[PDB]
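J.: Here you go, one structure.
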Amino acid sequence: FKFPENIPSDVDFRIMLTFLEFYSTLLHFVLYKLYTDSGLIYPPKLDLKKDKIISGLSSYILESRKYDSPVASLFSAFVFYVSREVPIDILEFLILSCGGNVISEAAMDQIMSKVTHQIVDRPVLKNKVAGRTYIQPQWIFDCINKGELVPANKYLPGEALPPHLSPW
Amino acid sequence: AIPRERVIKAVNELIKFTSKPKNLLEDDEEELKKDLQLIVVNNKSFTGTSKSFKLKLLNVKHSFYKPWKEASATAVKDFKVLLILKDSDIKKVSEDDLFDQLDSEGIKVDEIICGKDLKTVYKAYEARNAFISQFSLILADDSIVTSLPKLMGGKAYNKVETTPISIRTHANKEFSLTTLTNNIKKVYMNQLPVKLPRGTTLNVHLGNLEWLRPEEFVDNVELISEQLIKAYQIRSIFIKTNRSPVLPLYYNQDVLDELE
Amino acid sequence: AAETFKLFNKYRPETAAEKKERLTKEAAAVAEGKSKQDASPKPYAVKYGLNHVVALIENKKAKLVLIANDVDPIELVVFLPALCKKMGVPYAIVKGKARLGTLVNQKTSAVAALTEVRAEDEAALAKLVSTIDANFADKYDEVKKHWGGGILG
Amino acid sequence: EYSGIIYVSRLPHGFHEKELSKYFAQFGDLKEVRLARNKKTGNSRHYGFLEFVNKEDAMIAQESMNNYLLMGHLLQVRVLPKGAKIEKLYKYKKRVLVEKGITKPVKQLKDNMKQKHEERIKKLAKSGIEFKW
Amino acid sequence: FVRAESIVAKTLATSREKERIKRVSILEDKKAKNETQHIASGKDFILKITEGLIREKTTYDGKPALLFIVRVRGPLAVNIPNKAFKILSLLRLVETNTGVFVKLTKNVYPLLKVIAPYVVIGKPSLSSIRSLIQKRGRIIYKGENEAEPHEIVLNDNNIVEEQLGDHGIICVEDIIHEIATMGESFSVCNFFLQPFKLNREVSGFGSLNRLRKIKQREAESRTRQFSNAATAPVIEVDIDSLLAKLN
Amino acid sequence: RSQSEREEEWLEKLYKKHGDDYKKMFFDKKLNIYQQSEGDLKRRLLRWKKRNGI
RNA sequence: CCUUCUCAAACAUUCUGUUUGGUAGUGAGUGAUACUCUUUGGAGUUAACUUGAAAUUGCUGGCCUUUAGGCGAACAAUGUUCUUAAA
């Protein structure tokens, strides 16, 4: 997670930099074959103001020059409303693995018609829209580990959760 | 206003005064001093309670810089024209660009100097004073004008020719050569410099008697004096040669009542 | 010596790379043609060839001369203090010909003459000359006449 | 013989007695330090005087500074002889202006104006070339 | 055995810097008391250095905003006065490489003319601000059992809501969000995320990095301009490319 | 033996700057930076005129 | 061993005009004609010249603040305390 880490004085970078540069060049050419094999341009363009919103995979636009069921295009046509409270990054990437949309108010204050679902982890929810579904994020962590839909009564705040043990 | 007749009386008196006569080959500077007109203005509180190195350019009917130049060709010191411009300004402006505009009305810029050149080439008091003393007419961009006095030296701010003159190449966002072109014409032939010292004493330099017509002297003096009266509350006016004693022409006795 | 080096690093000569680079610039200009103008004031630099340094004396042209103390054929050098003495040239004996070669893009130089100076630097030149003539010509002139060394080790 | 009192000429701009103290203390402790300043504006006249606790320390300091190039122009230091004492220096500030009221009322000095104008007319008679006004 | 040159050059540098802060204080007292008849420019200006380097000038905004100031190493050999030291000490900018978040208003603005030769100013991006806060940041903290001069990096959101449950500030993502917002509380984040540290950008000594130092000193001499006019435009640089270096 | 294009263009600049007179073009700084000899100027201009422009 | 305020507004369109504001000095020496007060204490102004930033003691303005700062800014004010220009 994107947290400031206390640096260890015990380690020496002089090895991990060599591993870094080796893996960097290796993964670089592997990204070349995966981008050309997927048929699109190997340098990925990004809008600069989209990067100014968020420095993520969603900054890059991916050009041109089905999905395997069910996990790809799971939650198809599905509009999320991730909060400012949630960790935006890995949930953003999971929704992108779903193909659904991401709407975070944290992105909004840089500067809501189709939103049906709030991923949020808060005790007290303010506007409490009955149309909008209130869900603690483990639902996304459990639905993709099953590949399938589960009921969200456990994921409704502030209901307790099943102790998740992943498929390993 | 001011009785023009009295001014003609005084200037004819001064012509008669300067008409009064092992010698030098090359003539005395003092002999050149005793031929020249200076206007002296007594006025209440001519301070701004602060030093004013800025020169006021008074609109004058006649232009003494051309008889200056015509006698300066005969004279030892040669009349020269200095402009001080920005670095980008000198990068854009060329010399034939100036000379073509100035031969239209028949004048000439001697030199153009960047503030860089002032701060490295003449960053030495001897060379700087020698370089300044060559010049009579010194112009500078109004932006540079308020940056000058560390670079110019106070010896330049002592005299009237040596202190620079505010002039503007800009009228819009950027400068135009048209603005500098007619602006050097305005400052050259339609305006005369004014030092603004402290105290109640103002000294205004007019020039040698041999340069202009005496009634033209009178016209320029009365125009300037009306400009001063409309400008400032004035105690008195004494015009004279710096060798000669004063000449009382005009004074307002109620200004001193109005001071306090 | 520190201010003398600050002076002469203002007047470094052009390197072969910088020379060839400017040559390629002006040659590509003429190759387009695009003959921009015909104007350049002069190159000013230090002068460093030994026969060239002696050559700049006996005109005289040398405004300052630096002389390295250590040369293995010393006899190449020994006339130069007396020669600048009689020619009145403001010589100064510098310490180390490698430091001369650094300011002139050589390994060593052993001599350093300087003639032409811009107007920005000319006033610094004269006070440096007066500084050296105070510090060198006044201090060491009589002890120059004395037989040095002779004390055993 | 020479004293510990010291004359220093050719000082650079903005280089003052505080800096003189802070520098020459490293030679050894100094007795007194003064700069010749101008009266209307407290600017350096580029020469000053030092005094040390010792004459020998004064000579040591004078040796390493006599032909010392510094911030443009070089400096020159000379110790004084044994018959020499410090006299009459002061840190002058910039003396600002003062404005004091005219003592005489306005009609007394109107009369003074009227008298001085006629008097200057009498001088134009006395010099004298004609001037009817 | 200190030097004879630096003692005089610093004295001239003190004369220059103290006099320009004097002229700043004069002209700002004239603007503030509105006894204005004799000044150069009535309103202030904001200069924008971006990429032979363009500088865009926009008139001042009467609106509060977010800035991320960057304490630069100051100019060459200057002893800095007490008026600038007071402003820097109220802004915690001693021990350089500390860029800190600040508020643009009209009353905080006259400080920006004074600190400008020692800091750099600009508009940062919320992705860059995000990466600053999620990678760097210390919290002076009162904990379990300490002598308690201790600072923790941003890990516990419950530590955050512990001291900031009154303002209702939880989950440091929201601290990023409401440093961006400044609608409810921004100076509370100045109390809480009070310390800041940046890295030194060049490895420094040694041949391969001395060339980098020389090139970046040329870059800094281009980007920083020193005005000393007391009508000094505020100079903004893109912090977004700048935090590709310093974070 | 003809002339080179740059230097005949240089002569062409001199021919329009001064005309035909040689004492003015001899003391010209711009476009006579090699300070050519008084009559070498004449020789090159006469060769240029016989080549081009009468 | 540093580098110096390198523009502001208003009106107007004339292919750029018009008005206003924005500038503390290098020290020393020579010196013309004067001006103004101050209450004799002189003070503040006025031509012109010299000089490698030259160099030898011109005895203690006033007012106000704090324990040095402003008079070119009055609830005005100021310090010499920036480290990868190290070692």
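J.: Pull up all non-local amide H partners of B:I84: gap of 5 or more, or a different chain, and H-to-H distance under 5 Å with H placed in the peptide plane.
T.: Residues meeting the amide H criterion: B:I113, B:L139, B:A140, B:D141.
J.: Report the antiparallel proportion of the DSSP beta bridges in the protein assembly as shown as a percent, rounded to a multiple of 5. Mind dumping the intermediate values first?
T.: Working: 62 of 90 bridges.
The antiparallel fraction comes to roughly 70 percent.
J.: Please work out the C-alpha center-to-center distance from region A:67-86 to region D:86-109 and express it in whole Å.
T.: With region A:67-86 and region D:86-109 each reduced to a Cα centre, they are spaced 86 Å.
J.: To continue, here is another question. Take chain B, drop everything but the C-alpha atoms, weight them equally and run the Debye formula without solvent; then report log10 I(q)/I(0) at 0.14 Å⁻¹ to two decimals.
T.: So the normalised log intensities are -1.08.
J.: Using θ = phi - 60° and the Karplus relation 6.51 cos²θ - 1.76 cosθ + 1.60, list the HN-Hα couplings for region A:134-140 in order, rounded to whole Hz, with x at every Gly or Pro.
T.: 9, 8, 7, x, 4, 3, 5
J.: Can you tell me the relative contact order of chain C? Whole percent, Cα pairs under 8 Å, sequence separation 6 or more.
T.: Working: 154 pairs, mean separation 39.6, N = 153.
Relative CO of chain C lands at 26 percent.
J.: Using 5 Å bins from zero, what percent of all Cα-Cα pairs in chain C falls into each bin?
T.: The distribution over chain C is 2, 8, 15, 19, 18, 13, 8, 7, 4, 3, 1, 1, 1, 0, 0, given as percents.
J.: Between A:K33 and A:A152, what is the spin-label point distance in nm, taking each point 7 Å from the Cα along the Cα→C-beta axis?
T.: Spacing of the two 7 Å Cα→Cβ label points: 4.2 nm.
J.: Another question, if that's okay. Just to confirm the filter: which GluC sites (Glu not before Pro) across region E:115-165 are DSSP coil and have at most 15 other Cβ within 10 angstrom of their Cβ? Let's see the in-between values first.
T.: Values: sites: E:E144, E:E146, E:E151, E:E161, E:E162; in loops: E:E144, E:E146.
Within region E:115-165, the qualifying GluC sites (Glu not before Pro) (loop, at most 15 other Cβ atoms within 10 Å) are E:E144, E:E146.
J.: Let me ask another. On a C-alpha basis, how far is the centre of region C:1-76 from the centre of region D:16-71 in Å? Whole number, if you could?
T.: Cα centroid of region C:1-76 versus Cα centroid of region D:16-71: 41 Å apart.
J.: If you take every DSSP beta bridge fully contained in region A:1-151, what fraction is antiparallel? Give it as a percent rounded to 5.
T.: On the way: 2 of 10 bridges.
Among the beta bridges of region A:1-151, antiparallel pairing accounts for roughly 20 percent.
J.: Roughly how big is the protein assembly as shown's charge dipole about its Cα centre, with Cβ charges of +1 (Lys, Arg) and -1 (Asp, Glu), in debye to the nearest 20? The partial results should precede the final answer.
T.: Numbers: 165 positive and 128 negative charges, 775 e Å.
Result for the protein assembly as shown is approximately 3720 debye, rounded to the nearest 20.
J.: Of all DSSP beta bridges in chain C, what percent run antiparallel (nearest 5)?
T.: Values: 5 of 9 bridges.
Just about 55 percent of them are antiparallel.
J.: Roughly how tilted is helix D:106-127, in degrees to the nearest 10 and between 0 and 90, from the longest Cα axis of chain D?
T.: 90
J.: Which values, in whole Å and largest first, are the semi-axes of the equivalent ellipsoid of region A:1-96 obtained as the square root of 5 times each eigenvalue of the Cα gyration tensor? Numbers along the way, then the final one.
T.: Values: eigenvalues 165, 105, 44 Å².
Listed largest to smallest, the semi-axes of region A:1-96 are 29, 23, 15 Å.
J.: On the principal axes of its Cα set, how long, how wide and how thick is region E:131-247? Give whole Å, largest value first.
T.: Extents along the principal axes, in whole Å: 48, 40, 25.
J.: Related question: Along the three principal axes, how long is region E:1-114 when you take its alpha carbons, biggest first, rounded to the nearest angstrom?
T.: Between the extreme Cα coordinates on each principal axis of region E:1-114 lie 52, 36, 34 Å.
J.: Determine the equivalent ellipsoid of the protein assembly as shown by diagonalising the alpha-carbon gyration tensor, then write out the semi-axes as square roots of 5 times the eigenvalues, largest first, rounded to whole Å. All intermediate terms of the calculation are to be shown ahead of the outcome.
T.: Working: eigenvalues 892, 382, 280 Å².
Working from the Cα gyration tensor, I get semi-axes of 67, 44, 37 Å.
J.: Over 32 Å, how big is the tail of the calculated P(r) for chain E, in percent of all Cα pairs? List each step's numbers first, then the result.
T.: Values: 8955 of 30381 pairs.
Of the Cα pairs, 29 percent sit more than 32 Å apart.
J.: Ratio of alpha-carbon Rg to the 2.2 N^0.38 Å globular estimate for chain F, to two decimals, please.
T.: Details: Rg = 10.2 Å, N = 54, 2.2 N^0.38 = 10.0 Å.
Here the answer is 1.02, to two decimals.
J.: Can you compute the charge dipole magnitude of chain C about its Cα centre, using +1 on each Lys and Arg Cβ and -1 on each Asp and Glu Cβ, nothing else charged? Give it in debye, rounded to the nearest 20. Mind showing how you got there, number by number?
T.: Details: 25 positive and 19 negative charges, 31 e Å.
Rounded to the nearest 20 debye, it is 140 debye.
J.: How about region C:1-108: which GluC sites (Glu not before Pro) there are in a DSSP loop, with at most 12 other Cβ atoms within 10 Å of their Cβ?
T.: C:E58
J.: Would you mind giving the three semi-axes, in whole Å and largest first, of the ellipsoid equivalent to region E:83-192 according to its Cα gyration tensor?
T.: Working: eigenvalues 132, 62, 37 Å².
So the equivalent ellipsoid measures 26, 18, 14 Å along its semi-axes.
J.: With a cut-off of at most 11 other beta carbons within 10 Å, and DSSP calling the residue loop, which chymotrypsin sites (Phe, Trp or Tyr not before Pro) in region D:34-114 qualify? Please list them. All intermediate terms of the calculation are to be shown ahead of the outcome.
T.: Details: sites: D:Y47, D:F49, D:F52, D:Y68, D:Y90, D:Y92; in loops: D:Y90, D:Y92.
Listed in order of number, the matching sites are D:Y90.
J.: With a point put 7 Å past each Cα toward its Cβ, work out how far E:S221 is from A:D89 in nm, to one decimal.
T.: Between E:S221 and A:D89, the simple spin-label model gives 4.0 nm.
J.: Another question, then. Give the long-range amide H neighbours of B:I239: residues separated by 5 or more places, or on another chain, with amide H under 5 Å away, using H modelled in the peptide plane at 1.01 Å from N.
T.: Under 5 Å from the amide H of B:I239 lie the amide H atoms of B:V40, B:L247, B:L249, each far enough along the sequence or on another chain.
J.: Additional query: Counting pairs of Cα atoms in chain A, how many percent are more than 22 Å apart? Let's see the in-between values first.
T.: Values: 8217 of 14028 pairs.
Percent of Cα pairs beyond 22 Å in chain A: 59.
J.: Convex hull volume of the Cα atoms in chain D, per residue, in Å³?
T.: Values: hull volume 30.2 nm³, N = 133.
So the per-residue Cα hull volume is 227 Å³.
J.: Using each residue's phi in region C:81-98, evaluate 6.51 cos²θ - 1.76 cosθ + 1.60 at θ = phi - 60° and report the 3J(HN,Hα) Karplus result to the nearest Hz, with x for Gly and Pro.
T.: Each residue of region C:81-98 in turn: x, 5, 6, 6, 5, 6, 7, x, 6, x, 7, 9, 8, 8, 9, x, 6, 5 Hz.
J.: While we're on this one: First select every other residue whose beta carbon is under 13 angstrom from the beta carbon of A:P4; then total the charges, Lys and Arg +1, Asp and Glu -1.
T.: Every neighbour counted, the sum reads +3.
J.: For the pair C:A27/A:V71, report the inter-label distance in nm, with labels modelled 7 Å from Cα in the Cβ direction.
T.: Placing both labels 7 Å along Cα→Cβ, they lie 6.4 nm apart.
J.: Through the Karplus equation 6.51 cos²θ - 1.76 cosθ + 1.60, θ set to phi - 60°, convert the phi angles of region C:49-59 into ³J(HN,Hα) values in whole Hz; use x for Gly and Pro.
T.: Running phi through 6.51 cos²θ - 1.76 cosθ + 1.60 with θ = phi - 60° gives x, 5, 5, 5, 5, 5, 5, 7, 7, 6, 10 Hz.
J.: Report P(r) for region B:1-112: all Cα-Cα distances, bin width 10 Å, range 0 to the bin holding the largest distance, values in whole percent.
T.: Reading upward from the zero bin: 9, 24, 30, 26, 10, 1.
J.: Now for a separate question. Tell me which residues come under 5 Å, amide H to amide H, from B:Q191 once H is placed; ignore anything under 5 positions away on its chain.
T.: B:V60
Cβ sites come from the backbone with ideal geometry, for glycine too, and all protein chains shown count toward neighbours. Here, each number is a calculation from the coordinates, and none is a lab measurement.
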